[PDB]
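Colleague:
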Amino acid sequence: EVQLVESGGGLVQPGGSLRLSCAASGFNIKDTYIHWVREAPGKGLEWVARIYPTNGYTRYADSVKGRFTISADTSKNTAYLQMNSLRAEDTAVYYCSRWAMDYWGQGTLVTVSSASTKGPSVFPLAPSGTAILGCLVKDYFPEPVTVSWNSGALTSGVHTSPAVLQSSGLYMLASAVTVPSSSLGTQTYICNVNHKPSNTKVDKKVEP
Amino acid sequence: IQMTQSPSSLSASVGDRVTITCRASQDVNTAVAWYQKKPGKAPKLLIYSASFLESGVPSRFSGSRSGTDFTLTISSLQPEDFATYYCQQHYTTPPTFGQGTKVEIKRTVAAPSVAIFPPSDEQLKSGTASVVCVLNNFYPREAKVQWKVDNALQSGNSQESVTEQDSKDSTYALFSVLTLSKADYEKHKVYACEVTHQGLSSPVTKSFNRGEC
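Below you can see the structure in the form of structure tokens.
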């Protein structure tokens, strides 16, 4: 099966540099064009660059010409995007694809920001038939945070909001689950919050 | 070459006939592809060269061209067809995409359950007070949350976030957060969230008294 896997994404300072890689499996890149395409928040899909690995010929979007370089190493069946003079507008999920674009990778997230990593505070939303309880995951940077309940044992009815950017430039989200009222004095509910960018794991017990 | 895609979003039931259009700013011959994108997932090629079904993709998907206009059709909407669809011209460099069409699953109206939560003891200890209102299991998406503090209508001090459609029942959930300093929070008694929705015969209010157990 044809596969494409991107890597190299992460949090970078504006004006900095970062190199993405796209590893190809199940085909040889020498036989195709490889593209980078990106998806910036609310901007839709935007083509970035293309390369023909056999001769190294390249094309670029006007917005990244000069400061981005796409390249390939056929002996590694891998293509690359060297990103320089990074701007806030470059913050996006970066996908690799090949030539219609019949196969894409899952993408790699690039965040261009001068802000420091910060782990979330996690606060309970404590219960007052059915009842709602939850957690509030507040003041972290950058995205993403993952949230589970009872270490993944509780999935049905769990609803976790997209993150909101607060005026402080820090993210917040919340997760809530509906449970039996009769369960409240006896069943333990714990929200498991992971924030990989800051290596923060918090397991918060929510009690009535 | 620009790709103008209509509509931005649409709701539909399983079995429906759905039509998405894309108009190229200039001629692109048949050099047009249609992609499906699910959140957190790779784009998937549905239709290539305007009219050809990519091997593996269901028969219900089809594409057509007439001049500068391109049409993606799903003859009979299956449940897994819920996604966002993008047109693309690759007639010239750069290849360009349409702004996308979000296809959501139509269902019967459902009123939201409402819950309100005071700030945790922990957060208050830090000197901030986030009051939270949760709206659960509702449809359609359009809802109005209205914060009142001692019956004083609040403005520009809350933020809200809405989930994507639920996998099993196709409802939404909404979280609204009112954040105040501990000092401002303690200047007031009654905190209230007022919810207006199509499934509600009249707006619903949940409230608490600051400090009550």
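One line per chain: the protein sequences are A and B, in this order. Residues in the first sequence are numbered consecutively from 1, following my numbering. Residues in the second sequence are numbered consecutively from 1001, following my numbering. Cβ coordinates follow ideal geometry from the N, Cα and C atoms, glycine included.
#1: Which residues in the same chain have their Cβ closer than 6 Å to the Cβ of A:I190, if we skip the five residues on either side of it in sequence?
#2: Classify B:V1014: buried if its beta carbon has 16 or more other beta carbons within 10 angstroms, exposed otherwise.
#3: Please list the terminal residues of the continuous beta strand (DSSP E) segment that includes B:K1206.
#4: Kindly indicate the opening and closing residues of the alpha helix (DSSP H) around B:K1182.
#5: Does DSSP classify B:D1069 as helix, strand or coil?
#6: Measuring alpha carbon to alpha carbon, tell me which of A:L4, A:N84, A:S114 ends up nearest A:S25.
#7: Can you find a CB in chain A that lies within less than 8 Å of the CB of B:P1112?
#8: Name the chain B residues that come within less than 7 Å of A:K138, Cβ to Cβ?
#9: Using a C-beta cutoff of 8 Å, does A:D90 count as contacting chain B?
#10: Restricting to runs no shorter than 4 residues, where is the alpha helix (DSSP H) found entirely within the region 61 to 113 of chain A?
#11: Using a 10 Å radius around the Cβ and a threshold of 16 neighbouring Cβ atoms, would you call B:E1080 buried or exposed?
#12: List the endpoints of the continuous alpha helix (DSSP H) containing A:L154.
#13: Cβ closer than 8 Å: which chain B residues qualify as neighbours of A:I132?
#14: Give the residues from the region 96 to 119 of chain A that approach chain B closer than 9 Å (Cβ to any Cβ), ordered along the chain.
#15: Check the C-beta distance from B:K1106 over to B:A1012 and give it rounded, since I have them as a contact under 8 Å.
#16: Taking the CB atoms as reference points, tell me whether B:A1129 and B:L1180 lie closer together than 8 Å.
#17: In the DSSP assignment, what are the bridge partners of A:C191?
#18: Along the chain, which unbroken stretches of the alpha helix (DSSP H) at least 4 residues long are found entirely within the region 1114 to 1199 of chain B?
#19: In its own chain, which residues sit with a C-beta less than 6 Å from the C-beta of A:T117, not counting the 5 before and 5 after it?
#20: In its own chain, which residues sit with a C-beta less than 8 Å from the C-beta of B:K1125, not counting the 5 before and 5 after it?
#21: Compare the Cα-Cα distances from B:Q1005 to each of B:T1093, B:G1100, B:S1064 and report the closest residue.
#22: Express the C-alpha separation of A:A40 and B:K1187 in angstroms, rounding to a whole number.
#23: Go through its chain and collect everything with a Cβ distance to A:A88's Cβ below 8 Å, but skip five positions before and after it.
#24: Let me check one thing: in DSSP terms, what residues is A:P124 bridge-paired to?
#25: Just curious, the beta strand (DSSP E) that B:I1105 is in, first and last residue?
#26: Should the region 1018 to 1031 of chain B be called in touch with the region 1061 to 1075 of chain B, which here means at least 3 C-beta pairs below 8 Å?
#27: Please classify A:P180: does DSSP put it in a helix, a strand, or coil?
#28: Can you tell me whether B:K1044 is helix, strand or coil according to DSSP?
#29: Cutting at 7 Å between CB atoms, please list the residues of its own chain near A:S85, excluding the five before and the five after it.
#30: Please report whether the beta-carbon of B:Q1099 lies at a distance below 8 Å from any beta-carbon of chain A.
#31: Closest Cβ-Cβ distance between B:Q1123 and chain A: below 8 Å?
#32: Of all the CB atoms in chain B, is at least one closer than 8 Å to the CB of A:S21?
#33: Return the chain-ordered list of same chain residues with a C-beta closer than 7 Å to the C-beta of B:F1061, the five sequence neighbours on each side being excluded.
#34: Can you look up A:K30 in the DSSP assignment and give me helix, strand or coil?
#35: Using the C-alpha atoms, what's the distance from B:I1020 back to B:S1008?
#36: Look up A:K196 in the DSSP assignment and say whether it is helix, strand or coil.
Modeller: Looking at the atomic coordinates:
#1: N150, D203, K205
#2: exposed
#3: 1204 to 1209
#4: 1182 to 1185
#5: strand
#6: A:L4
#7: no
#8: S1130
#9: no
#10: none
#11: exposed
#12: A:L154 -> no alpha helix (DSSP H), and no H or E assigned at all.
#13: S1113, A1115, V1134, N1136
#14: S97, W99, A100, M101, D102, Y103, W104, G105, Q106, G107
#15: 5 Å
#16: yes
#17: A:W149, A:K204
#18: 1121 to 1126, 1182 to 1185
#19: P197, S198
#20: none
#21: B:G1100
#22: 42 Å
#23: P14, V112, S113
#24: A:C135
#25: 1101 to 1105
#26: yes
#27: strand
#28: strand
#29: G15, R67
#30: yes
#31: yes
#32: no
#33: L1046, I1047, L1053, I1074
#34: helix
#35: 9 Å
#36: helix
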